[PDB]
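Enquirer: My structure is below; once you've seen it, I'll send some questions.
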Amino acid sequence: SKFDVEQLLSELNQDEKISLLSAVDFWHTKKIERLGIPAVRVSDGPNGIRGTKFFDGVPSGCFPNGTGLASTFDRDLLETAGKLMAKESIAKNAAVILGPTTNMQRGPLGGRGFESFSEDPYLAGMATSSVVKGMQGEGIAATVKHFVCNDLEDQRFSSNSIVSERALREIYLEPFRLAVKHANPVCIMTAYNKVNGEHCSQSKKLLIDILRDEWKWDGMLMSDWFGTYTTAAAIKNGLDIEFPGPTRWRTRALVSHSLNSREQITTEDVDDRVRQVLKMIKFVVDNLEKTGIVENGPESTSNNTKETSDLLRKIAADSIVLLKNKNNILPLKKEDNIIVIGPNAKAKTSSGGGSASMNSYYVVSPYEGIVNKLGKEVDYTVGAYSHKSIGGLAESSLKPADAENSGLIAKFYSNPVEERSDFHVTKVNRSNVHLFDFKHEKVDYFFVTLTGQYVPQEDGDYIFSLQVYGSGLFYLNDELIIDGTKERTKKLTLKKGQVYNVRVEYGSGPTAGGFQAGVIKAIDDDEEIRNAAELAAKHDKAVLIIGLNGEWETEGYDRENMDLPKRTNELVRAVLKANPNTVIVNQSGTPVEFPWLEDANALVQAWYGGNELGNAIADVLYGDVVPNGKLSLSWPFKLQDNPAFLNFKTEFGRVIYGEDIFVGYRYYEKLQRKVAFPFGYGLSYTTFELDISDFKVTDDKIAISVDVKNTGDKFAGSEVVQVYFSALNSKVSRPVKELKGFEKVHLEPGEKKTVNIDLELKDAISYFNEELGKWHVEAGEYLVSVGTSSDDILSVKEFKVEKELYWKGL
Amino acid sequence: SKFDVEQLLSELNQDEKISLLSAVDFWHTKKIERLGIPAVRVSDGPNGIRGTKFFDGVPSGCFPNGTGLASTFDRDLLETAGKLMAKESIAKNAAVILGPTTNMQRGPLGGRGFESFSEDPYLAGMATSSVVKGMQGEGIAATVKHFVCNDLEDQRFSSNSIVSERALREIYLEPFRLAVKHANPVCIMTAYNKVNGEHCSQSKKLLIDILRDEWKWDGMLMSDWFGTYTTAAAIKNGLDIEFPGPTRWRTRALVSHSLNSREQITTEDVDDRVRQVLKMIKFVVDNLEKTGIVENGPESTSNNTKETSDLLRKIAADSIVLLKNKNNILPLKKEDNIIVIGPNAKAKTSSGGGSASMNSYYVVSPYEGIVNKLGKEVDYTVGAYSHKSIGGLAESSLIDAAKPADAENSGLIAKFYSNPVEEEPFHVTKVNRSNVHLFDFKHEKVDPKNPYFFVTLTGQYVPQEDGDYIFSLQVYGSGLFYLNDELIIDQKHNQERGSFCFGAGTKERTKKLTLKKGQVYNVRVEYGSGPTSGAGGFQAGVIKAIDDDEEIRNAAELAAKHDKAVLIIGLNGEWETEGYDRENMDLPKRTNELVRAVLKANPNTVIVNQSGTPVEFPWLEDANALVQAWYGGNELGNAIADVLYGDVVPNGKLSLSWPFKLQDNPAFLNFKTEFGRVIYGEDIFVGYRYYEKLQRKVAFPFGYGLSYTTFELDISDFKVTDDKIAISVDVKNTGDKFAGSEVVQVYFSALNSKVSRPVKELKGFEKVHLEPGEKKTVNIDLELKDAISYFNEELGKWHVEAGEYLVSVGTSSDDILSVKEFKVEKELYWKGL
C-alpha cells in the first residue's frame, strides 16, 4: 500500500482536513496532490450505474428493481449481480456505488418502495449483504443506504419517523446490522429524515453509539444529497462527509470559526471524521490495481456485452413471481395463436423513477420479448392508456431514417429567442430532459431551442404535451400550440406521412431545470376497450400486460392509493370476459389492488425488469425459464388492510410507526388478516415436496437439514426453502413466526437434494428487550417451521432452549 | 410615516427577509429598492466616527476615551458630546453609531478598558445614557455594546465569562438596564464571548428573556463583527442581524434549508428577527429629513471647524483629573521658566487602539499645547522612549526627496497588485501613516471571502541627524523590507507571532543601520496580505537610536537648570488596544528611571500621565504634582495646557479605582481566558466595592480629583417618601482666587442586610460650578428601588429589603462629608426596568 491513513492524518493541515469533509461536486471527493490523495468518484445507484450525468447520460446496464431482486431469494445470484454492478461501475470509472438500498416497505405506497428489498428484515439484510459482497469482491465500495427509517418520501428532508426502540432494532436497523456483520460495507449513506426528533445525519445515537461503539463498524458515513442540516452538530455527531459539493455546511470559514470560537466541536471531532474519509480512500487506492479505476476518468459503455445481457436476462427472469396458473394456461406454446394487449406491452418500464433509474443500452419491451421468442410478428392492440403524462416525442421524432437522425437536437443559448441577433449542442433521445446536474462554462440561466421533425404514422388526432421547470413555449409548424409546472396539452388533427416542425423554446429554472415535451396518438377509450375484447375473443390466448411505471412509482413522492391507473381495470374485465384464457403480466415495484383477481386465471408479477425485462418475461411465459421467484412483500387485497394505512403521511412533520414490530407478514399473521398473496409465495411449472431430514440443537447452534424433491416429471425447477421460528411460550409478545433462513435449490424432474441451514440460536430466536436495552435469547419452547411460503409450511420441529442470553452488538 | 414596519414585513418574500438578516459589507445593511428600503450605514466608534475604512480613511473628530469621558461626572456635557458625535456621523453619512461602549473594568488590564466608562455601573449607565440621548436627539441611532461580559480581550471569540446571576445583574447588565430605561438605544451590539457557557449572540436568556420579555426593549440586536456562531440557534434565540457581510451563517441556502427541513427555526423566528431590523430602518428613514443622511453618501471632513475644535477641547479639559498638587506647583504661570520632558510629550496619543480609533483632523500633542499657550518655543528633551513598536516612517518620508515637503509629496506610495513582485497596479494610494490597516480594505479586485493581494510600498527617506537608526517591520501576512534595494528586514521566513494586528501578526523585527544626515535612502517594502500567508496589514518604521543612560542624564541635568519640569509619560494605543490585554500594570521601558532621576534633580516637576486605565507609579511619594489626562482626542494637548495654566480649573474625578500594585486588584488571578473560561471570583465586589470591603488602600480612589480651589458641602434637606428619595446639598466654593466645579457624589449603604453587600454604592451625582465664595443648592431626586435594591439570585428578583439605610454625600468614594439615615418598613420584590 502507498496509502497510510494515520501518517496522512498527521500531515494534512487544518484547511486540507476541512476540505476532505465535503465532496467537491455532485460525484467526487477532494483531491489533495500534495499528499497523493486522489479524487474518488461515486455513482448511483442500486439497480445499475448512472455515471456523472442524468441528461446526456452514457448508457449503462439497468438491473431489475430491489423488490424484484429480493424475490429471487437467491444469495448466490445476488452476489453475482453485485459483481456485475461492480464491472458496470468500473466502466464508468466510479470507485464507489451508491447502493444497495434497504429501507422497509412498512406500507405499500412508499414512492421508493420499489427500490429497497423487502418488508422482511432478514431477507432485506441477506439480499443487502449478498449485493455488497459481490460489489466489494471486485474492489468496488458499496454504500448501504439510507440509514435509517427513510420509509416514505413525503417531506423526507424534515419527516420525523417516531419509532419505538424495539421496532427500530428488530425491523429498521436489522438489515444494516446484518449487512455490517456479514459484508462490511465500506460506506453507509445517512437518511434525509429524522428519527425520534433528530436528523439522522447528526444523530450521535445512530452514527456513533450504534454504528461505532456497539457494532464496531469502521466505514465512512456520507449524507444523502443536501441531507446535512448543521455545521457543528453533524461533525461532532459522526457524519464523515457532506455531499454534494460545493459545501454548504462545511466551508473553511464555518468550520474553522466554530473551532476557534469553542462553538460545539473540537479539532479532535474534525480529525475523527477525516480519519473515516481517509479509510474510505485507502480502500479505493489499495484496490486500484484490481479495478483499473482512472481518477476523474472517462465514462464508457464497455460493459455492454453478451455476457452482461445474458446475466441481466437471467436475473430478471428469476425475479419474476408466478402468482396464479389454473387450467395449465401457462406455459404458452410457441404455436399458440395469441394477441398481446395492454398499456405496458410496448412500454419500456425498466425501473422506477428518480435516483435509481438511468439511460440504458436498450430496453426490450414485453411485446418485443414475445416477438423475439416466436420469431415473427405478433398481433397487438394497446387496449388502454395508463401514462401519468405524455412523453414519446423525442423517441419518435427526426429524409433519411437513420438511427443517428433519431430524436431532437438541443441547442443551448445564453439569451432568449425573443432577443438573439442570429454554445452547447446535444442529440436528445428521450422526451424528459432532466437538467439538474447539467454544467457548462457559460453557466452559473440559459436557454434551449429544441428542434426536429415529427411524422404521424396514422391519420387523426394527436395530443401534444409540455411540462416545465420553469419556462417554455411549444411551436408546431412555427405556430404557438402550448404556453415545477402542471402538464399542459394541445390536441391537433394531423395526416399519416406528413412532416411537421417541432420547436420548443425553453428557459432555465430560474426563468437548475428541466422540461418534457411529448406527443401521443389519441384514441377513443371506450372503443379501444371494445376492440381489445373483440380481438381477445378471436384468438386462442391473450396476453395482457398492465401495471404502473416510473412516473407512478418514483422517488420524491409516495403513491396516493394502490389502484391501477386510468381505465386498466375496465380493460382487464372486458378482456377476461371475452377470453378466460388470458394471462396477465403485471409490472410494479409494490402491490396494486387487482379487483378482478377472482376471474384472472393466470397472473405473473414481473416487477421492473431492467434492460432485458421483455426477454425474461418471454422466457417465463413459454417455459424456457421455469418461474422460481417468491414475493419479497405481502400483497394485501385492499389498501385499508395494511398496517400503515393511517400513518403513512408526514403530518405535522412526523410519522408514528403505530404498528411497532408488526410490519408486512408479521402484521397479517398476527391479525389473521387474509391477503391476496403472502410473503414468500410463488408458483412453479413443477411440484415439490420437502421434509426436515435432520435436526440438531446445542446450547448455541441450530443445524437443520431439509430434503427437497421435484415430484413433477416434466420441468426442472428451483424451489425456495424458507425457515421460520416461533416462540411457543414466551413472556413477551412476538410475531407468529419469523424468517431466519432460506435456501434455493434447483431440481431436475424426480431429483432430490438435501440442503443444510446452520444458525446460531441468538440469530434465530432473539427479540429486542426494550426495557433492558439488549437482545434476549429467552429460555423456553420454540418451533422451527419449514415451507415454501410464509403460509405453506410443510414440516416442523419443536425444541427446547434452556440457556438464556442477553447480548448487544453483531 | 410612510415607513410602515408591518406593511413591509407582509410584502417581503422569503429571500428578501433572509437578505435583511445580515449586512451587505463591513458597514451597510441590505437595500431593498422595490420597497423603498435603503442601505443603512453604521460606523465606529464610541469616541468619534471613523467612517468606512481604516486604511486611507477620511479624517475625523476624535473625542477623549470613555474612562476620560466618565471622569467628567457631567451628564449635560456627555449629552452634548453625543450631539457632536451625531453631527460628526452625519458628516460621514453614517446613520448609526457603534457606541457607546460599556463593558466593565473588573480588573485594570483589559485591552479595551480605556474604551468603556467605569467600574461603577451607576456611572457607566448614566454616561451611556447621556451619550445616547445626545446622539439620538439629533436623529442618529446609538449602538450600546458589547452585550455582555466582554470584559477582557484574551481569546474573546471563545472566552466563557462564568459569573453569578447577582454579579451579572448588579454589575454587567446594569449599565444596559439604565441605558434602556432612560435612553432607549435604537440598537445594541452582542459581545464576542460566552456567558455561563453560551455565546451571547445566541443566548435566549440574554437576547430574549431579559432584553425583550423582562425589559421590553424593542431595538435591534447586531452581532459584533464575525461574532455569529450558528445559523439556526442565533436566529431562534434573538440575534436580529449578522455583521459584516457577505454573510457566513445566513446565506439564503443555509436559512431556507434549515426552515424547509424543520431544523431548529420556523418562519416565525425569521419574521421576528426581520421585524426588528425593519424597526431600526424605520428610525433611520423617519429621521432622514432631519439628518440629511444620503444613502451610500460621500464621506467628508465638513465638520472640521472651530466650533467642533472648541467643544472637543472643552470635553477633553473637563476629563482631566488632578491627582496631586503640593506646594502650589500648579497652576503654572506664563513666566515660569520650564522644560518639557518625556516620551509622551511630542506623542500624539489621542485614543486607545482598535475599532475605537480613527484618522484625526489633527492631534495637538501636549508639547504643542504648551507652545500654543505661551506663544514661543519651549525647551524640550525626550528623556526616554516608551513605544511598544517603532512606526514613524510614512510620517517622515517623501515621495521624491527633490521636491518640497509638500502635502502631495509627504509620505510613501503604495501600489496594490494581484500577484507578488518575484502588470499595472489595481490600486494606488499615498500613505501618511506607517500602520497600514487593511481589515476593511475594499476593492473590485479583492475577494472579500479571500482578500488575496500584494503591496509594494515605496519612497525616500532623509535623516536629520548623524547616527544609528533602527528600522522595523511588522506584518500580518508576509513582507520584506529593502533599504537601497538591499534586504534589511525579513518578515517572510520563520515568522514568530507577536503583538501586531490585534495580536495576530508577527513579532517586530528590526535593523540597526548607521546613516548620514541629509543622505537620500530608498525605502521599499514588499508585502503579501493575510491569505498570502482577513487582509491584515503591516507597519514599516524608523526611529533615531539614542543612548538610554545618556538621555536620562541629560533630562535630569536639564530639569535642574529650570524652575519647573513638565514630565509627560504614559501608555498609548498599542499598549492599550482591542485584541489583547496588558501583561502588567507597569509604565514601559525606562519611564520609571527617567521619572526618578528627574524628581531628584527638580522636585518641582509636574507629571502628566496619558493612559486609559491604571498604571503603577512607584515613585509616587516623590511626585508632588500629578495630572491624569487620559487620551484626549484631537485637542488633547490644548486641554492639558488649559488645565496646567489654570485656564480650565481641573474638574475631573476618577472613573476607576487606581490601586498601588497589580496584585492588589480583585481580578489579579482570573484576568485571563484559561481552558476557555474566566471565573468572575470577586462577584459583585468590583472596583471600589472591592477595595472598600477589604479595607485595602489604593493610590487613588474612585470619584477622587483635586481643584485649584476648596469646597465644602452640607446636606440641607432630606426627605424620603414610600417611593422616592429627595436630597438637597449646599455646595460652597470656599477659596478666594479660582472659580470651579465640584462633583457631589451620593452613596447608599444597607446597614443590617441579610445578604453581604458592598460598604456603599454610588446612586447619584451632580456637578456644580461655583465662583469664589459662591454657594448653591443641588437637588438629587431618585426612586428608592433603584437606590437600595440588591439582586436576590435565589428568588430571581430584585429586592428592596426592610431595614435601615445610610446615605453618604461626598466629593469622592473616600471623602464623605455628610450622612443621613432612613428606615424602610415594607419590603419590595421587582423585575424589569
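In the C-alpha cells, the first chain shown is A, the next is B, and so on; residue numbers restart at 1 for each chain, and ligands run from 1 in the order shown.
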Just need the residues of chain B within 8 Å of chain A, counting only C-alpha atoms, so spit them out as a short mmCIF file (atom, residue, chain, number, x, y, z; two decimals) with C-alpha atoms, in the first residue's frame.

Expert:
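What landed in part_37.cif:
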data_model
loop_
_atom_site.label_atom_id
_atom_site.label_comp_id
_atom_site.auth_asym_id
_atom_site.auth_seq_id
_atom_site.Cartn_x
_atom_site.Cartn_y
_atom_site.Cartn_z
CA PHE B 157 -14.26 34.78 20.50
CA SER B 158 -14.41 31.68 22.73
CA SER B 159 -13.95 33.12 26.25
CA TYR B 229 -21.51 31.18 15.64
CA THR B 230 -24.53 29.20 14.27
CA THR B 231 -27.16 29.58 11.56
CA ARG B 248 -21.30 33.40 6.57
CA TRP B 249 -24.12 31.96 8.73
CA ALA B 253 -29.40 28.35 1.24
CA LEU B 254 -28.46 27.81 4.94
CA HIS B 257 -32.74 24.74 4.05
CA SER B 258 -32.97 24.96 7.90
CA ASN B 260 -37.65 23.53 4.95
CA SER B 261 -36.01 20.63 6.87
CA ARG B 262 -37.64 21.67 10.23
CA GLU B 263 -34.22 22.10 11.67
CA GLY B 676 -11.64 28.73 27.50
#

Enquirer: Could you list, as a PyMOL selection string, every residue within 10 Å of region 634-649 of chain A, counting only C-alpha atoms and ignoring same-chain residues fewer than 2 positions away?

Expert: chain A and resi 105-110+118-120+151-155+159+558+560-563+590-595+597+631-632+651-660+662-668+673-681+790

Enquirer: Could you list, as a compact mmCIF listing (two decimals) with N, CA, C and O atoms, in the first residue's frame, every residue within 12 Å of residue 550 (chain A), counting only C-alpha atoms and ignoring same-chain residues fewer than 6 positions away?

Expert:
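What ended up in part-v4.txt:
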# COMPACT_ATOMS: atom_id res chain seq x y z
N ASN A 65 -35.47 -4.01 -10.28
CA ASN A 65 -35.54 -3.20 -9.10
C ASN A 65 -35.43 -4.11 -7.87
O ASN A 65 -35.65 -5.33 -7.97
N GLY A 111 -42.96 5.85 -2.21
CA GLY A 111 -42.51 6.14 -3.56
C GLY A 111 -41.21 5.44 -3.95
O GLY A 111 -40.94 5.21 -5.14
N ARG A 112 -40.38 5.11 -2.98
CA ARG A 112 -39.18 4.32 -3.24
C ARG A 112 -39.30 2.92 -2.71
O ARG A 112 -38.28 2.27 -2.51
N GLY A 113 -40.53 2.44 -2.46
CA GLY A 113 -40.71 1.02 -2.04
C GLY A 113 -40.11 0.07 -3.08
O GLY A 113 -39.51 -0.95 -2.72
N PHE A 114 -40.19 0.43 -4.39
CA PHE A 114 -39.59 -0.39 -5.50
C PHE A 114 -38.10 -0.61 -5.34
O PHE A 114 -37.54 -1.62 -5.80
N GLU A 115 -37.47 0.33 -4.65
CA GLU A 115 -36.03 0.45 -4.71
C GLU A 115 -35.29 -0.37 -3.65
O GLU A 115 -34.15 -0.81 -3.86
N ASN A 344 -48.73 -1.61 -20.85
CA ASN A 344 -47.30 -1.92 -20.60
C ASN A 344 -46.66 -2.84 -21.68
O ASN A 344 -45.48 -3.07 -21.63
N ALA A 347 -44.43 -0.69 -23.66
CA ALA A 347 -43.70 0.28 -22.80
C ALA A 347 -42.38 -0.33 -22.46
O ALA A 347 -42.22 -1.57 -22.51
N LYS A 348 -41.41 0.53 -22.08
CA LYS A 348 -40.14 0.06 -21.56
C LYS A 348 -39.98 0.40 -20.07
O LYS A 348 -39.18 1.26 -19.69
N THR A 349 -40.74 -0.29 -19.21
CA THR A 349 -40.76 0.15 -17.83
C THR A 349 -39.72 -0.60 -17.13
O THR A 349 -39.99 -1.54 -16.39
N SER A 350 -38.49 -0.17 -17.38
CA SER A 350 -37.32 -0.86 -16.89
C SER A 350 -36.99 -0.65 -15.39
O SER A 350 -36.27 -1.44 -14.75
N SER A 351 -37.46 0.48 -14.83
CA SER A 351 -37.12 0.82 -13.46
C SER A 351 -38.20 1.74 -12.88
O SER A 351 -39.07 2.18 -13.60
N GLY A 352 -38.12 2.05 -11.60
CA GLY A 352 -38.98 3.14 -11.05
C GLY A 352 -38.27 4.51 -11.25
O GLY A 352 -37.15 4.58 -11.81
N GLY A 353 -38.89 5.59 -10.78
CA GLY A 353 -38.39 6.97 -11.10
C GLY A 353 -37.32 7.48 -10.18
O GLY A 353 -37.16 6.99 -9.03
N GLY A 354 -36.56 8.46 -10.67
CA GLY A 354 -35.57 9.20 -9.88
C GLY A 354 -34.11 8.74 -9.83
O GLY A 354 -33.51 8.42 -10.85
N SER A 355 -33.59 8.69 -8.60
CA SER A 355 -32.19 8.38 -8.28
C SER A 355 -31.68 6.94 -8.73
O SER A 355 -30.49 6.75 -9.14
N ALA A 356 -32.57 5.95 -8.66
CA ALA A 356 -32.19 4.57 -9.04
C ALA A 356 -32.27 4.22 -10.57
O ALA A 356 -31.85 3.07 -10.96
N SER A 357 -32.86 5.14 -11.37
CA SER A 357 -33.04 4.91 -12.84
C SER A 357 -31.84 5.53 -13.65
O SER A 357 -30.95 6.21 -13.06
N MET A 358 -31.88 5.35 -14.98
CA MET A 358 -30.75 5.65 -15.86
C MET A 358 -31.07 5.60 -17.37
O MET A 358 -32.16 5.27 -17.82
N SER A 386 -52.27 4.33 -19.89
CA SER A 386 -52.13 4.45 -18.43
C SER A 386 -50.96 5.32 -18.02
O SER A 386 -50.43 5.18 -16.89
N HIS A 387 -50.55 6.21 -18.90
CA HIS A 387 -49.45 7.12 -18.64
C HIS A 387 -49.89 8.25 -17.69
O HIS A 387 -51.02 8.75 -17.79
N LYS A 388 -49.00 8.65 -16.78
CA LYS A 388 -49.26 9.84 -15.93
C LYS A 388 -49.19 11.13 -16.77
O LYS A 388 -50.06 11.99 -16.67
N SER A 389 -48.16 11.24 -17.62
CA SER A 389 -48.05 12.36 -18.57
C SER A 389 -47.68 11.84 -19.96
O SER A 389 -47.26 10.69 -20.13
N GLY A 556 -39.34 10.94 -4.45
CA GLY A 556 -39.91 12.25 -4.37
C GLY A 556 -41.36 12.33 -3.95
O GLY A 556 -41.76 13.32 -3.36
N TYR A 557 -42.19 11.35 -4.27
CA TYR A 557 -43.48 11.33 -3.64
C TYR A 557 -44.01 9.91 -3.47
O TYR A 557 -43.65 9.02 -4.21
N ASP A 558 -44.88 9.72 -2.50
CA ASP A 558 -45.47 8.45 -2.36
C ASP A 558 -46.73 8.36 -3.23
O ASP A 558 -47.27 9.38 -3.66
N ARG A 559 -47.21 7.13 -3.41
CA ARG A 559 -48.46 6.90 -4.09
C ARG A 559 -49.59 7.31 -3.16
O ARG A 559 -49.47 7.23 -1.93
N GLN A 587 -46.48 -5.28 -14.07
CA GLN A 587 -45.21 -4.66 -13.71
C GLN A 587 -45.48 -3.59 -12.66
O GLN A 587 -46.18 -2.62 -12.95
N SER A 588 -44.87 -3.72 -11.47
CA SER A 588 -44.91 -2.65 -10.44
C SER A 588 -43.83 -2.99 -9.46
O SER A 588 -43.35 -4.15 -9.43
N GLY A 589 -43.39 -2.00 -8.67
CA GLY A 589 -42.37 -2.27 -7.68
C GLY A 589 -43.00 -2.70 -6.36
O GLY A 589 -42.30 -3.21 -5.47
N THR A 590 -44.31 -2.43 -6.19
CA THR A 590 -45.01 -2.65 -4.88
C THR A 590 -46.45 -3.07 -5.25
O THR A 590 -46.83 -2.96 -6.43
N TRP A 607 -42.35 -7.26 -11.94
CA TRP A 607 -41.62 -6.17 -11.35
C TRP A 607 -41.14 -5.18 -12.46
O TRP A 607 -41.77 -5.06 -13.45
N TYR A 608 -40.04 -4.50 -12.25
CA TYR A 608 -39.45 -3.67 -13.27
C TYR A 608 -38.14 -4.31 -13.56
O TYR A 608 -37.21 -4.20 -12.81
N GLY A 609 -38.06 -4.89 -14.73
CA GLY A 609 -37.08 -5.87 -15.11
C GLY A 609 -35.74 -5.45 -15.65
O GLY A 609 -34.97 -6.27 -15.99
N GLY A 610 -35.51 -4.16 -15.76
CA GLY A 610 -34.23 -3.63 -16.30
C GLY A 610 -34.03 -3.89 -17.82
O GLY A 610 -35.02 -4.11 -18.54

Enquirer: Give me the residues within 12 Å of residue 561 (chain B) as number ranges by chain, counting only C-alpha atoms and dropping any in the same chain fewer than 2 places off.

Expert: B: 337-339, 379, 554-559, 563-565, 598, 601-602, 604

Enquirer: Got a sec: who's within 7 Å of residue 293 (chain B), counting only C-alpha atoms, leaving out chain neighbours fewer than 6 positions off, as an mmCIF file with N, CA, C and O atoms, in the first residue's frame?

Expert:
data_model
loop_
_atom_site.group_PDB
_atom_site.id
_atom_site.type_symbol
_atom_site.label_atom_id
_atom_site.label_comp_id
_atom_site.auth_asym_id
_atom_site.auth_seq_id
_atom_site.Cartn_x
_atom_site.Cartn_y
_atom_site.Cartn_z
ATOM 1 N N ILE B 90 -23.122 62.361 10.768
ATOM 2 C CA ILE B 90 -23.740 62.983 9.584
ATOM 3 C C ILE B 90 -22.670 63.391 8.543
ATOM 4 O O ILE B 90 -22.778 63.073 7.381
ATOM 5 N N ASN B 93 -21.884 60.500 6.622
ATOM 6 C CA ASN B 93 -23.133 59.887 6.143
ATOM 7 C C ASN B 93 -23.361 58.483 6.727
ATOM 8 O O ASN B 93 -23.817 57.551 6.012
ATOM 9 N N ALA B 95 -25.671 56.727 9.642
ATOM 10 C CA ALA B 95 -26.928 56.971 10.239
ATOM 11 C C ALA B 95 -26.974 56.301 11.611
ATOM 12 O O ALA B 95 -27.908 56.494 12.367
#

Enquirer: Take CA of residue 73 (chain B) and CA of residue 576 (chain B) and report the distance between them in Å, one decimal.

Expert: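 Interatomic distance, CA of residue 73 (chain B) to CA of residue 576 (chain B): 23.0 Å.
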
Enquirer: Please provide as a list in words all residues within 9 Å of residue 537 (chain A), with the sequence filter that same-chain residues fewer than 5 positions apart are discarded (counting only C-alpha atoms).

Expert: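 So the residues in contact are residues 532, 542, 575, 577, 578 and 579 of chain A.
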
Enquirer: Dump C-alpha atoms for the selected residues as a PDB file, in the first residue's frame?

Expert:
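Below is the file that was written, again_14.pdb:
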ATOM      1  CA  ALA A 532     -59.379  -5.379 -27.311  1.00  0.00           C
ATOM      2  CA  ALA A 542     -54.444 -13.167 -24.854  1.00  0.00           C
ATOM      3  CA  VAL A 575     -60.605  -8.967 -21.847  1.00  0.00           C
ATOM      4  CA  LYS A 577     -64.919 -11.750 -20.192  1.00  0.00           C
ATOM      5  CA  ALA A 578     -64.118 -12.145 -23.902  1.00  0.00           C
ATOM      6  CA  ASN A 579     -61.405 -14.718 -23.250  1.00  0.00           C
TER       7      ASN A 579
END
